[PDB]
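A.B. asks: Supplied structure: target_0.pdb, PDB, C-alpha atoms and all ligand atoms.
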```pdb
ATOM      1  CA  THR A   2      12.644 -11.625  15.534
ATOM      2  CA  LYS A   3       9.681 -11.692  13.135
ATOM      3  CA  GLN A   4       8.142  -8.335  12.354
ATOM      4  CA  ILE A   5       4.547  -7.756  13.440
ATOM      5  CA  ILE A   6       2.132  -6.657  10.692
ATOM      6  CA  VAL A   7      -0.446  -3.884  11.113
ATOM      7  CA  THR A   8      -2.851  -2.613   8.488
ATOM      8  CA  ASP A   9      -6.208  -0.825   8.203
ATOM      9  CA  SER A  10      -9.690  -2.110   7.371
ATOM     10  CA  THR A  11      -9.556  -1.502   3.596
ATOM     11  CA  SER A  12      -7.636  -4.547   2.264
ATOM     12  CA  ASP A  13     -10.779  -6.621   1.536
ATOM     13  CA  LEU A  14      -8.907  -9.735   2.700
ATOM     14  CA  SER A  15     -11.094 -12.237   4.494
ATOM     15  CA  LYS A  16     -11.322 -12.095   8.279
ATOM     16  CA  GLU A  17     -10.171 -15.731   8.337
ATOM     17  CA  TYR A  18      -6.969 -14.820   6.473
ATOM     18  CA  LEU A  19      -6.292 -11.747   8.611
ATOM     19  CA  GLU A  20      -6.778 -13.667  11.856
ATOM     20  CA  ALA A  21      -4.834 -16.746  10.716
ATOM     21  CA  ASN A  22      -1.806 -14.628   9.851
ATOM     22  CA  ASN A  23      -1.889 -12.397  12.917
ATOM     23  CA  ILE A  24      -2.505  -9.254  10.926
ATOM     24  CA  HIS A  25      -3.591  -6.456  13.255
ATOM     25  CA  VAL A  26      -6.282  -4.199  11.810
ATOM     26  CA  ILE A  27      -6.766  -0.559  12.811
ATOM     27  CA  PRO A  28     -10.257   0.155  11.460
ATOM     28  CA  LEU A  29     -11.670   3.219   9.763
ATOM     29  CA  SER A  30     -15.098   4.656  10.544
ATOM     30  CA  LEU A  31     -18.270   5.879   8.848
ATOM     31  CA  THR A  32     -20.450   8.793   9.890
ATOM     32  CA  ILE A  33     -24.061   8.278   8.872
ATOM     33  CA  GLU A  34     -26.546  11.047   9.597
ATOM     34  CA  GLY A  35     -24.575  12.453  12.531
ATOM     35  CA  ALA A  36     -23.605   9.121  14.154
ATOM     36  CA  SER A  37     -20.306   7.320  13.692
ATOM     37  CA  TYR A  38     -19.592   3.601  13.459
ATOM     38  CA  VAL A  39     -16.283   1.743  13.348
ATOM     39  CA  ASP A  40     -16.405  -0.368  10.169
ATOM     40  CA  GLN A  41     -17.213  -4.056  10.956
ATOM     41  CA  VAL A  42     -17.055  -3.384  14.675
ATOM     42  CA  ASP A  43     -20.102  -1.158  15.238
ATOM     43  CA  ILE A  44     -21.872  -1.780  11.928
ATOM     44  CA  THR A  45     -22.235  -4.766   9.606
ATOM     45  CA  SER A  46     -22.195  -4.596   5.833
ATOM     46  CA  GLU A  47     -25.899  -5.573   5.720
ATOM     47  CA  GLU A  48     -26.732  -2.730   8.118
ATOM     48  CA  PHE A  49     -24.673  -0.273   6.076
ATOM     49  CA  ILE A  50     -26.491  -1.184   2.874
ATOM     50  CA  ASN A  51     -29.818  -0.569   4.612
ATOM     51  CA  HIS A  52     -28.698   2.962   5.570
ATOM     52  CA  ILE A  53     -27.563   3.693   2.008
ATOM     53  CA  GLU A  54     -30.823   2.401   0.530
ATOM     54  CA  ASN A  55     -32.649   4.813   2.823
ATOM     55  CA  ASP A  56     -30.918   7.727   1.059
ATOM     56  CA  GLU A  57     -28.823   8.551   4.132
ATOM     57  CA  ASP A  58     -25.698  10.747   4.045
ATOM     58  CA  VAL A  59     -22.421   8.885   4.621
ATOM     59  CA  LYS A  60     -18.886  10.147   5.178
ATOM     60  CA  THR A  61     -15.781   8.151   6.081
ATOM     61  CA  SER A  62     -12.922   8.882   8.473
ATOM     62  CA  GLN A  63      -9.359   7.726   8.950
ATOM     63  CA  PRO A  64      -8.574   6.177  12.365
ATOM     64  CA  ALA A  65      -7.724   8.391  15.312
ATOM     65  CA  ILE A  66      -3.991   8.775  15.946
ATOM     66  CA  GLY A  67      -4.398   7.366  19.465
ATOM     67  CA  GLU A  68      -5.578   4.034  18.043
ATOM     68  CA  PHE A  69      -2.257   3.667  16.245
ATOM     69  CA  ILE A  70      -0.230   4.879  19.229
ATOM     70  CA  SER A  71      -1.900   2.371  21.561
ATOM     71  CA  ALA A  72      -1.568  -0.532  19.102
ATOM     72  CA  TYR A  73       2.065   0.149  18.262
ATOM     73  CA  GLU A  74       3.183   0.494  21.862
ATOM     74  CA  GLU A  75       1.374  -2.700  22.883
ATOM     75  CA  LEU A  76       2.576  -4.743  19.916
ATOM     76  CA  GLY A  77       6.146  -3.529  20.384
ATOM     77  CA  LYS A  78       6.155  -4.444  24.069
ATOM     78  CA  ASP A  79       8.875  -7.129  23.733
ATOM     79  CA  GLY A  80      11.013  -5.195  21.246
ATOM     80  CA  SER A  81       9.598  -6.580  17.986
ATOM     81  CA  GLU A  82       9.605  -4.351  14.924
ATOM     82  CA  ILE A  83       6.245  -3.410  13.435
ATOM     83  CA  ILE A  84       5.492  -2.982   9.726
ATOM     84  CA  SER A  85       2.317  -0.943   9.288
ATOM     85  CA  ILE A  86       0.998  -0.923   5.691
ATOM     86  CA  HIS A  87      -1.916   1.269   4.612
ATOM     87  CA  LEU A  88      -4.182   2.289   1.795
ATOM     88  CA  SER A  89      -2.938   4.958  -0.549
ATOM     89  CA  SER A  90      -2.068   8.376   0.773
ATOM     90  CA  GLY A  91      -3.829   9.575  -2.378
ATOM     91  CA  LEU A  92      -7.102   8.195  -0.984
ATOM     92  CA  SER A  93      -6.835   8.736   2.775
ATOM     93  CA  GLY A  94      -4.929  10.435   5.586
ATOM     94  CA  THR A  95      -4.600   7.035   7.295
ATOM     95  CA  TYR A  96      -0.991   6.544   6.154
ATOM     96  CA  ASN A  97       0.030  10.007   7.335
ATOM     97  CA  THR A  98      -1.655   9.419  10.692
ATOM     98  CA  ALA A  99       0.107   6.061  11.108
ATOM     99  CA  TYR A 100       3.413   7.783  10.357
ATOM    100  CA  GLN A 101       2.715  10.487  12.917
ATOM    101  CA  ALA A 102       1.855   7.853  15.504
ATOM    102  CA  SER A 103       5.092   6.036  14.684
ATOM    103  CA  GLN A 104       6.983   9.182  15.794
ATOM    104  CA  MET A 105       5.170   9.178  19.163
ATOM    105  CA  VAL A 106       5.916   5.647  20.420
ATOM    106  CA  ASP A 107       8.929   3.887  21.860
ATOM    107  CA  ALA A 108       8.263   0.914  19.586
ATOM    108  CA  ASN A 109      10.131   0.558  16.270
ATOM    109  CA  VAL A 110       7.581   1.044  13.502
ATOM    110  CA  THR A 111       8.015   1.238   9.732
ATOM    111  CA  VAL A 112       5.001   2.645   7.900
ATOM    112  CA  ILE A 113       4.379   1.780   4.227
ATOM    113  CA  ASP A 114       2.106   3.659   1.806
ATOM    114  CA  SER A 115       0.729   0.844  -0.359
ATOM    115  CA  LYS A 116      -0.433   3.330  -2.993
ATOM    116  CA  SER A 117      -3.480   1.069  -3.305
ATOM    117  CA  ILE A 118      -6.684  -0.229  -1.730
ATOM    118  CA  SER A 119      -8.825  -3.375  -1.567
ATOM    119  CA  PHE A 120      -6.966  -6.372  -3.039
ATOM    120  CA  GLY A 121      -4.280  -3.986  -4.359
ATOM    121  CA  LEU A 122      -3.395  -3.470  -0.698
ATOM    122  CA  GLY A 123      -4.381  -7.054   0.178
ATOM    123  CA  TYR A 124      -1.894  -8.648  -2.225
ATOM    124  CA  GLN A 125       0.892  -6.480  -0.801
ATOM    125  CA  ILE A 126      -0.085  -7.738   2.669
ATOM    126  CA  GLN A 127      -0.033 -11.350   1.463
ATOM    127  CA  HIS A 128       3.450 -10.882   0.003
ATOM    128  CA  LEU A 129       4.522  -9.156   3.222
ATOM    129  CA  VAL A 130       3.353 -12.178   5.246
ATOM    130  CA  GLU A 131       5.515 -14.438   3.085
ATOM    131  CA  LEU A 132       8.588 -12.191   3.332
ATOM    132  CA  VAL A 133       8.283 -11.993   7.127
ATOM    133  CA  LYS A 134       8.017 -15.799   7.279
ATOM    134  CA  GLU A 135      11.205 -15.993   5.182
ATOM    135  CA  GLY A 136      13.083 -13.708   7.565
ATOM    136  CA  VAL A 137      13.619 -10.799   5.169
ATOM    137  CA  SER A 138      14.820  -7.510   6.700
ATOM    138  CA  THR A 139      12.405  -4.589   6.839
ATOM    139  CA  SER A 140      14.509  -2.478   4.482
ATOM    140  CA  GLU A 141      14.532  -5.270   1.903
ATOM    141  CA  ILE A 142      10.782  -5.821   2.411
ATOM    142  CA  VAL A 143      10.117  -2.178   1.548
ATOM    143  CA  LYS A 144      12.100  -2.512  -1.703
ATOM    144  CA  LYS A 145      10.469  -5.814  -2.634
ATOM    145  CA  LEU A 146       6.976  -4.416  -2.139
ATOM    146  CA  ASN A 147       7.890  -1.424  -4.297
ATOM    147  CA  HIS A 148       8.819  -3.850  -7.061
ATOM    148  CA  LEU A 149       5.666  -5.923  -6.482
ATOM    149  CA  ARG A 150       3.456  -2.849  -6.905
ATOM    150  CA  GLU A 151       4.628  -2.389 -10.465
ATOM    151  CA  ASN A 152       3.039  -5.731 -11.220
ATOM    152  CA  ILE A 153      -0.382  -4.852  -9.795
ATOM    153  CA  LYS A 154      -3.112  -3.284 -11.939
ATOM    154  CA  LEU A 155      -6.287  -2.004 -10.289
ATOM    155  CA  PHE A 156      -9.500  -0.900 -11.958
ATOM    156  CA  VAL A 157     -12.721   0.273 -10.357
ATOM    157  CA  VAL A 158     -16.099   0.472 -12.052
ATOM    158  CA  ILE A 159     -17.990   3.167 -10.173
ATOM    159  CA  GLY A 160     -21.527   2.367  -9.028
ATOM    160  CA  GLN A 161     -22.768   5.871  -8.260
ATOM    161  CA  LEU A 162     -20.724   8.762  -9.623
ATOM    162  CA  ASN A 163     -22.434  11.295  -7.347
ATOM    163  CA  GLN A 164     -21.213   9.354  -4.312
ATOM    164  CA  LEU A 165     -17.669   9.370  -5.644
ATOM    165  CA  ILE A 166     -17.861  13.131  -6.265
ATOM    166  CA  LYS A 167     -19.228  13.732  -2.756
ATOM    167  CA  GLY A 168     -16.410  11.699  -1.238
ATOM    168  CA  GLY A 169     -13.721  13.875  -2.814
ATOM    169  CA  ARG A 170     -11.198  11.242  -3.951
ATOM    170  CA  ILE A 171     -11.206  11.958  -7.655
ATOM    171  CA  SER A 172      -7.732  13.216  -8.592
ATOM    172  CA  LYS A 173      -8.381  13.336 -12.364
ATOM    173  CA  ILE A 184     -22.864   5.260 -18.035
ATOM    174  CA  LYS A 185     -20.363   3.440 -15.849
ATOM    175  CA  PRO A 186     -17.190   5.377 -15.044
ATOM    176  CA  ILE A 187     -14.027   3.298 -14.852
ATOM    177  CA  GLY A 188     -10.999   4.436 -12.874
ATOM    178  CA  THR A 189      -7.529   3.282 -12.015
ATOM    179  CA  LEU A 190      -4.891   4.288  -9.482
ATOM    180  CA  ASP A 191      -1.833   6.125 -10.837
ATOM    181  CA  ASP A 192       0.832   6.158  -8.132
ATOM    182  CA  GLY A 193      -1.969   5.993  -5.597
ATOM    183  CA  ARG A 194      -4.249   8.638  -7.119
ATOM    184  CA  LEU A 195      -7.675   7.896  -8.544
ATOM    185  CA  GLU A 196      -8.035   8.792 -12.241
ATOM    186  CA  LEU A 197     -11.170   8.158 -14.313
ATOM    187  CA  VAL A 198      -9.982   6.697 -17.621
ATOM    188  CA  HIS A 199     -13.022   5.335 -19.493
ATOM    189  CA  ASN A 200     -16.804   5.418 -19.533
ATOM    190  CA  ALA A 201     -18.595   2.161 -20.364
ATOM    191  CA  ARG A 202     -22.228   2.000 -21.396
ATOM    192  CA  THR A 203     -23.180  -1.312 -19.701
ATOM    193  CA  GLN A 204     -21.966  -3.944 -17.238
ATOM    194  CA  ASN A 205     -21.240  -6.227 -20.174
ATOM    195  CA  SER A 206     -19.325  -3.610 -22.139
ATOM    196  CA  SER A 207     -17.322  -2.607 -19.052
ATOM    197  CA  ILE A 208     -16.150  -6.220 -18.841
ATOM    198  CA  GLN A 209     -15.045  -6.247 -22.481
ATOM    199  CA  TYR A 210     -13.041  -3.070 -21.792
ATOM    200  CA  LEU A 211     -11.458  -4.587 -18.685
ATOM    201  CA  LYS A 212     -10.587  -7.783 -20.557
ATOM    202  CA  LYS A 213      -8.729  -5.828 -23.221
ATOM    203  CA  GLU A 214      -6.936  -3.652 -20.677
ATOM    204  CA  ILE A 215      -5.837  -6.659 -18.637
ATOM    205  CA  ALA A 216      -4.615  -8.428 -21.787
ATOM    206  CA  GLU A 217      -2.504  -5.353 -22.527
ATOM    207  CA  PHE A 218      -1.195  -5.163 -18.960
ATOM    208  CA  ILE A 219      -0.116  -8.803 -18.734
ATOM    209  CA  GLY A 220       1.233  -9.383 -22.243
ATOM    210  CA  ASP A 221       2.752 -12.869 -22.232
ATOM    211  CA  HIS A 222       2.999 -12.949 -18.429
ATOM    212  CA  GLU A 223       1.101 -15.305 -16.174
ATOM    213  CA  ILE A 224      -1.490 -14.013 -13.755
ATOM    214  CA  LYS A 225      -0.342 -14.747 -10.192
ATOM    215  CA  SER A 226      -3.461 -13.465  -8.387
ATOM    216  CA  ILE A 227      -6.737 -11.949  -9.514
ATOM    217  CA  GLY A 228      -9.217 -10.398  -7.123
ATOM    218  CA  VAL A 229     -12.647  -8.879  -7.467
ATOM    219  CA  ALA A 230     -14.205  -6.893  -4.649
ATOM    220  CA  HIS A 231     -17.822  -5.813  -5.092
ATOM    221  CA  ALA A 232     -20.358  -3.441  -3.600
ATOM    222  CA  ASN A 233     -23.090  -6.057  -3.215
ATOM    223  CA  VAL A 234     -23.318  -7.136  -6.849
ATOM    224  CA  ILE A 235     -22.123 -10.726  -7.120
ATOM    225  CA  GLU A 236     -23.954 -11.219 -10.439
ATOM    226  CA  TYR A 237     -21.733  -8.528 -12.012
ATOM    227  CA  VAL A 238     -18.640 -10.267 -10.617
ATOM    228  CA  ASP A 239     -19.916 -13.530 -12.102
ATOM    229  CA  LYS A 240     -20.225 -11.889 -15.534
ATOM    230  CA  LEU A 241     -16.594 -10.819 -15.263
ATOM    231  CA  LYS A 242     -15.442 -14.289 -14.173
ATOM    232  CA  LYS A 243     -17.244 -15.889 -17.118
ATOM    233  CA  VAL A 244     -15.464 -13.628 -19.630
ATOM    234  CA  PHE A 245     -12.099 -13.782 -17.863
ATOM    235  CA  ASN A 246     -12.249 -17.595 -17.545
ATOM    236  CA  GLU A 247     -12.535 -17.809 -21.346
ATOM    237  CA  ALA A 248      -9.896 -15.140 -22.052
ATOM    238  CA  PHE A 249      -7.261 -15.997 -19.467
ATOM    239  CA  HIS A 250      -8.185 -19.433 -18.050
ATOM    240  CA  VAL A 251      -8.031 -18.189 -14.458
ATOM    241  CA  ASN A 252      -7.510 -20.940 -11.888
ATOM    242  CA  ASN A 253      -8.921 -19.148  -8.832
ATOM    243  CA  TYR A 254     -10.216 -15.705  -7.938
ATOM    244  CA  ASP A 255     -10.168 -13.914  -4.608
ATOM    245  CA  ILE A 256     -13.681 -12.550  -4.238
ATOM    246  CA  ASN A 257     -15.128 -10.500  -1.398
ATOM    247  CA  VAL A 258     -17.869  -8.036  -0.647
ATOM    248  CA  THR A 259     -16.013  -4.726  -0.295
ATOM    249  CA  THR A 260     -15.931  -2.966   3.017
ATOM    250  CA  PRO A 261     -18.478  -0.166   3.639
ATOM    251  CA  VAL A 262     -15.691   2.436   3.838
ATOM    252  CA  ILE A 263     -14.954   1.731   0.163
ATOM    253  CA  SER A 264     -18.533   1.414  -1.073
ATOM    254  CA  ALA A 265     -19.402   4.687   0.660
ATOM    255  CA  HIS A 266     -17.259   6.278  -2.077
ATOM    256  CA  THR A 267     -17.844   3.982  -5.060
ATOM    257  CA  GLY A 268     -21.561   3.627  -4.564
ATOM    258  CA  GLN A 269     -23.449   0.341  -4.549
ATOM    259  CA  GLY A 270     -23.044  -1.756  -7.710
ATOM    260  CA  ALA A 271     -19.331  -1.003  -8.034
ATOM    261  CA  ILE A 272     -16.608  -3.562  -8.644
ATOM    262  CA  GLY A 273     -12.865  -3.449  -8.076
ATOM    263  CA  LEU A 274     -10.640  -5.648 -10.236
ATOM    264  CA  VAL A 275      -7.046  -6.307  -9.202
ATOM    265  CA  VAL A 276      -4.556  -8.310 -11.248
ATOM    266  CA  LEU A 277      -1.086  -9.259 -10.036
ATOM    267  CA  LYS A 278       1.105 -10.511 -12.869
ATOM    268  CA  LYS A 279       4.216 -12.677 -12.550
TER     269      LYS A 279
HETATM  270  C1  LIG A 301     -16.104  -2.010  -5.103
HETATM  271  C2  LIG A 301     -14.641  -2.244  -4.699
HETATM  272  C3  LIG A 301     -13.713  -1.166  -5.259
HETATM  273  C4  LIG A 301     -12.257  -1.339  -4.872
HETATM  274  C5  LIG A 301     -11.312  -0.354  -5.541
HETATM  275  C6  LIG A 301     -11.539   1.097  -5.090
HETATM  276  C7  LIG A 301     -10.607   2.069  -5.804
HETATM  277  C8  LIG A 301     -10.642   3.502  -5.316
HETATM  278  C9  LIG A 301     -11.975   4.141  -5.562
HETATM  279  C10 LIG A 301     -12.797   4.582  -4.590
HETATM  280  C11 LIG A 301     -12.703   4.239  -3.133
HETATM  281  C12 LIG A 301     -12.208   5.420  -2.272
HETATM  282  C13 LIG A 301     -12.173   5.077  -0.776
HETATM  283  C14 LIG A 301     -11.719   6.264   0.079
HETATM  284  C15 LIG A 301     -11.649   5.891   1.566
HETATM  285  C16 LIG A 301     -11.310   7.101   2.453
HETATM  286  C17 LIG A 301     -11.174   6.794   3.940
HETATM  287  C18 LIG A 301     -10.997   8.071   4.730
HETATM  288  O1  LIG A 301     -12.018   8.708   5.069
HETATM  289  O2  LIG A 301      -9.819   8.448   4.991
END
```
Would you mind writing the file's structure down as C-alpha cells?
Ligand SMILES: CCCCCCCC/C=C\CCCCCCCC(=O)O
C.D. replies:
Amino acid sequence: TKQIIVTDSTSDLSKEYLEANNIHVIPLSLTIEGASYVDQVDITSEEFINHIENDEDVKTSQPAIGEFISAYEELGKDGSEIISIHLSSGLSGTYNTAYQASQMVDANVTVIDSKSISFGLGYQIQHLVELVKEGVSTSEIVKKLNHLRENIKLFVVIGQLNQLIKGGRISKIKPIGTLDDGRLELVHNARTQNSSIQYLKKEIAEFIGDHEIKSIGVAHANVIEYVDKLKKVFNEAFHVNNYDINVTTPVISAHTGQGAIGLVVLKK
C-alpha cells in the first residue's frame, strides 16, 4: 500500500538516510575529458576534485531514460505506486526524462518536479518519507509538497563563475544566486566569504520573520571552513539547534565550482 520513493543523485542527503528509508536513487553522470562516470558509482568525490584541480573539462548529464524505465518496472512489480521526485526542471532534463519513462512502463508512477536541488530537494524527500509513513494519498502528497516548497529558501554562493557560465544553468567577488520557481537567478555579489554570510543572515532573517526554523542545511564544494563561518554567525543570530551538513555531489560542484556553498532554510 505504501508508495515507493525514487529520486536522483542531487539531494545531498546522506547515504545512510537514503538507504535507511528505502529511497531509490537514479544517478546522474559526469563527462570528464571524453570519459563518463556515474556520480558516486564510478567516481568518488575525492577523485572528482583531483580532476578539477588538474584543470580538466567537466560536463554533467541527466540519467538515460532506460535507467528510469528499468527501475520503475522493477519497483512496481507487485502493483505498488511509485513517487519519483527530481531536481528542478529549470536545472536539468532529469524530471522530463523521468516523466517520459513513466509513460513507457506498466507501473503506476507519479513524477514530481521539486523545483529545487541539494537540501531544497532533500527536505522535500524527507517530508515525502513522513507522508508515505502516515498513509497519505499521492494526490494529497503532491499538494502538501507544493505548500512545503513555499517555506523553503535556497541560496548558493558560487565558487567559480566561469564554471557556472560554462554549465549553462544561469536563467537570470562572490556571486550569490537563488532559485525562483526552479530557475537560477543571480541576485547579489558579495566581496568576501565573511560579507556573503552577513548578506545571507539578513536575507534569512527577512525570509523567516517571526517563524521558527524547522530545518537548515548547508551543502559545500569542499570548503568546510566556510560552512563553519556561516554556522558561527547563524548560531548567534538564530540559535540553530542542528544543521544538516554535507559535501555536495560532484554533479552540483561541476556547475558551482569548488568553494561554493548552498544554504537551505525550511521555516515552520
Ligand atoms: C555547493 C552546493 C550548492 C547547492 C545549491 C545549488 C543551486 C543551483 C546552482 C548550481 C548547480 C546547477 C547543477 C546543474 C546540474 C545539471 C545536471 C544535468 O546535466 O542535467
A.B. asks: In the coordinate frame of the file, compute which residues have an atom within 10 Å of (-8.8, 7.5, -10.6) when using all atoms listed in the file, and state them as a PyMOL selection string.
C.D. replies: chain A and resi 91-92+155-157+170-173+186-191+193-198
A.B. asks: List the residues selected by the PyMOL selection byres (((chain A and resi 259-271) around 8) and not hetatm) in the file shown, writing them as number ranges by chain.
C.D. replies: A: 10-11, 13, 29-31, 40, 46, 49, 59-61, 119, 157-162, 164-165, 167-168, 230-234, 257-258, 272-273
A.B. asks: May I ask which of the residues A:23, A:41, A:98, A:81 is the closest one to ligand LIG 301 (chain A), counting all atoms listed in the file?
C.D. replies: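 Looking at the shortest contact to ligand LIG 301 (chain A), the residue is A:98.
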A.B. asks: Looking at all atoms listed in the file, which of A:6, A:14, A:276, A:88 is the one that sits closest to residue 111 of chain A?
C.D. replies: A:6
A.B. asks: Using the chain letters and numbers from this file, what does the PyMOL selection byres (((chain A and resi 212-223) around 12) and not hetatm) select? Give the answer as JSON, numbers by chain.
C.D. replies: {"A": [151, 152, 153, 154, 155, 156, 187, 188, 189, 198, 199, 205, 206, 207, 208, 209, 210, 211, 224, 225, 226, 227, 240, 241, 242, 243, 244, 245, 246, 247, 248, 249, 250, 251, 252, 274, 275, 276, 277, 278, 279]}
A.B. asks: Go ahead and save the residues from that selection, with C-alpha atoms, as a PDB file, in the frame of the given file.
C.D. replies:
```pdb
ATOM      1  CA  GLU A 151       4.628  -2.389 -10.465  1.00  0.00           C
ATOM      2  CA  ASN A 152       3.039  -5.731 -11.220  1.00  0.00           C
ATOM      3  CA  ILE A 153      -0.382  -4.852  -9.795  1.00  0.00           C
ATOM      4  CA  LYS A 154      -3.112  -3.284 -11.939  1.00  0.00           C
ATOM      5  CA  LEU A 155      -6.287  -2.004 -10.289  1.00  0.00           C
ATOM      6  CA  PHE A 156      -9.500  -0.900 -11.958  1.00  0.00           C
ATOM      7  CA  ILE A 187     -14.027   3.298 -14.852  1.00  0.00           C
ATOM      8  CA  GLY A 188     -10.999   4.436 -12.874  1.00  0.00           C
ATOM      9  CA  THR A 189      -7.529   3.282 -12.015  1.00  0.00           C
ATOM     10  CA  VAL A 198      -9.982   6.697 -17.621  1.00  0.00           C
ATOM     11  CA  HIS A 199     -13.022   5.335 -19.493  1.00  0.00           C
ATOM     12  CA  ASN A 205     -21.240  -6.227 -20.174  1.00  0.00           C
ATOM     13  CA  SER A 206     -19.325  -3.610 -22.139  1.00  0.00           C
ATOM     14  CA  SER A 207     -17.322  -2.607 -19.052  1.00  0.00           C
ATOM     15  CA  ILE A 208     -16.150  -6.220 -18.841  1.00  0.00           C
ATOM     16  CA  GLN A 209     -15.045  -6.247 -22.481  1.00  0.00           C
ATOM     17  CA  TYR A 210     -13.041  -3.070 -21.792  1.00  0.00           C
ATOM     18  CA  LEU A 211     -11.458  -4.587 -18.685  1.00  0.00           C
ATOM     19  CA  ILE A 224      -1.490 -14.013 -13.755  1.00  0.00           C
ATOM     20  CA  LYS A 225      -0.342 -14.747 -10.192  1.00  0.00           C
ATOM     21  CA  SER A 226      -3.461 -13.465  -8.387  1.00  0.00           C
ATOM     22  CA  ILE A 227      -6.737 -11.949  -9.514  1.00  0.00           C
ATOM     23  CA  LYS A 240     -20.225 -11.889 -15.534  1.00  0.00           C
ATOM     24  CA  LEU A 241     -16.594 -10.819 -15.263  1.00  0.00           C
ATOM     25  CA  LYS A 242     -15.442 -14.289 -14.173  1.00  0.00           C
ATOM     26  CA  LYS A 243     -17.244 -15.889 -17.118  1.00  0.00           C
ATOM     27  CA  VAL A 244     -15.464 -13.628 -19.630  1.00  0.00           C
ATOM     28  CA  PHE A 245     -12.099 -13.782 -17.863  1.00  0.00           C
ATOM     29  CA  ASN A 246     -12.249 -17.595 -17.545  1.00  0.00           C
ATOM     30  CA  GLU A 247     -12.535 -17.809 -21.346  1.00  0.00           C
ATOM     31  CA  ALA A 248      -9.896 -15.140 -22.052  1.00  0.00           C
ATOM     32  CA  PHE A 249      -7.261 -15.997 -19.467  1.00  0.00           C
ATOM     33  CA  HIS A 250      -8.185 -19.433 -18.050  1.00  0.00           C
ATOM     34  CA  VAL A 251      -8.031 -18.189 -14.458  1.00  0.00           C
ATOM     35  CA  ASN A 252      -7.510 -20.940 -11.888  1.00  0.00           C
ATOM     36  CA  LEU A 274     -10.640  -5.648 -10.236  1.00  0.00           C
ATOM     37  CA  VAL A 275      -7.046  -6.307  -9.202  1.00  0.00           C
ATOM     38  CA  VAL A 276      -4.556  -8.310 -11.248  1.00  0.00           C
ATOM     39  CA  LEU A 277      -1.086  -9.259 -10.036  1.00  0.00           C
ATOM     40  CA  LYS A 278       1.105 -10.511 -12.869  1.00  0.00           C
ATOM     41  CA  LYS A 279       4.216 -12.677 -12.550  1.00  0.00           C
TER      42      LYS A 279
END
```
A.B. asks: Please fill the gaps in segment 131-142 of chain A so it has N, CA, C and O atoms, and write that as a PDB file, in the coordinates of the input.
C.D. replies:
```pdb
ATOM      1  N   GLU A 131       4.527 -13.475   3.557  1.00  0.00           N
ATOM      2  CA  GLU A 131       5.515 -14.438   3.085  1.00  0.00           C
ATOM      3  C   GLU A 131       6.957 -13.981   3.324  1.00  0.00           C
ATOM      4  O   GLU A 131       7.806 -14.790   3.727  1.00  0.00           O
ATOM      5  N   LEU A 132       7.246 -12.704   3.088  1.00  0.00           N
ATOM      6  CA  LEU A 132       8.588 -12.191   3.332  1.00  0.00           C
ATOM      7  C   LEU A 132       8.965 -12.238   4.814  1.00  0.00           C
ATOM      8  O   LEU A 132      10.101 -12.561   5.155  1.00  0.00           O
ATOM      9  N   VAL A 133       8.030 -11.905   5.700  1.00  0.00           N
ATOM     10  CA  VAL A 133       8.283 -11.993   7.127  1.00  0.00           C
ATOM     11  C   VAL A 133       8.547 -13.446   7.526  1.00  0.00           C
ATOM     12  O   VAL A 133       9.467 -13.717   8.294  1.00  0.00           O
ATOM     13  N   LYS A 134       7.767 -14.385   7.001  1.00  0.00           N
ATOM     14  CA  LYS A 134       8.017 -15.799   7.279  1.00  0.00           C
ATOM     15  C   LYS A 134       9.422 -16.212   6.844  1.00  0.00           C
ATOM     16  O   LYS A 134      10.062 -17.040   7.503  1.00  0.00           O
ATOM     17  N   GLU A 135       9.891 -15.647   5.736  1.00  0.00           N
ATOM     18  CA  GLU A 135      11.205 -15.993   5.182  1.00  0.00           C
ATOM     19  C   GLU A 135      12.359 -15.296   5.892  1.00  0.00           C
ATOM     20  O   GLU A 135      13.525 -15.574   5.615  1.00  0.00           O
ATOM     21  N   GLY A 136      12.050 -14.373   6.790  1.00  0.00           N
ATOM     22  CA  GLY A 136      13.083 -13.708   7.565  1.00  0.00           C
ATOM     23  C   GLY A 136      13.743 -12.511   6.893  1.00  0.00           C
ATOM     24  O   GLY A 136      14.850 -12.120   7.249  1.00  0.00           O
ATOM     25  N   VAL A 137      13.064 -11.916   5.930  1.00  0.00           N
ATOM     26  CA  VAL A 137      13.619 -10.799   5.169  1.00  0.00           C
ATOM     27  C   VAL A 137      13.655  -9.531   6.029  1.00  0.00           C
ATOM     28  O   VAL A 137      12.727  -9.264   6.791  1.00  0.00           O
ATOM     29  N   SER A 138      14.724  -8.746   5.927  1.00  0.00           N
ATOM     30  CA  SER A 138      14.820  -7.510   6.700  1.00  0.00           C
ATOM     31  C   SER A 138      13.765  -6.505   6.262  1.00  0.00           C
ATOM     32  O   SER A 138      13.298  -6.533   5.132  1.00  0.00           O
ATOM     33  N   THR A 139      13.418  -5.587   7.155  1.00  0.00           N
ATOM     34  CA  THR A 139      12.405  -4.589   6.839  1.00  0.00           C
ATOM     35  C   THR A 139      12.808  -3.723   5.647  1.00  0.00           C
ATOM     36  O   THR A 139      12.007  -3.438   4.775  1.00  0.00           O
ATOM     37  N   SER A 140      14.070  -3.321   5.585  1.00  0.00           N
ATOM     38  CA  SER A 140      14.509  -2.478   4.482  1.00  0.00           C
ATOM     39  C   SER A 140      14.361  -3.213   3.150  1.00  0.00           C
ATOM     40  O   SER A 140      13.953  -2.621   2.151  1.00  0.00           O
ATOM     41  N   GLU A 141      14.696  -4.498   3.126  1.00  0.00           N
ATOM     42  CA  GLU A 141      14.532  -5.270   1.903  1.00  0.00           C
ATOM     43  C   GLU A 141      13.052  -5.498   1.577  1.00  0.00           C
ATOM     44  O   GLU A 141      12.664  -5.491   0.403  1.00  0.00           O
ATOM     45  N   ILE A 142      12.229  -5.702   2.603  1.00  0.00           N
ATOM     46  CA  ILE A 142      10.782  -5.821   2.411  1.00  0.00           C
ATOM     47  C   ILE A 142      10.226  -4.589   1.708  1.00  0.00           C
ATOM     48  O   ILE A 142       9.443  -4.703   0.766  1.00  0.00           O
TER      49      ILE A 142
END
```
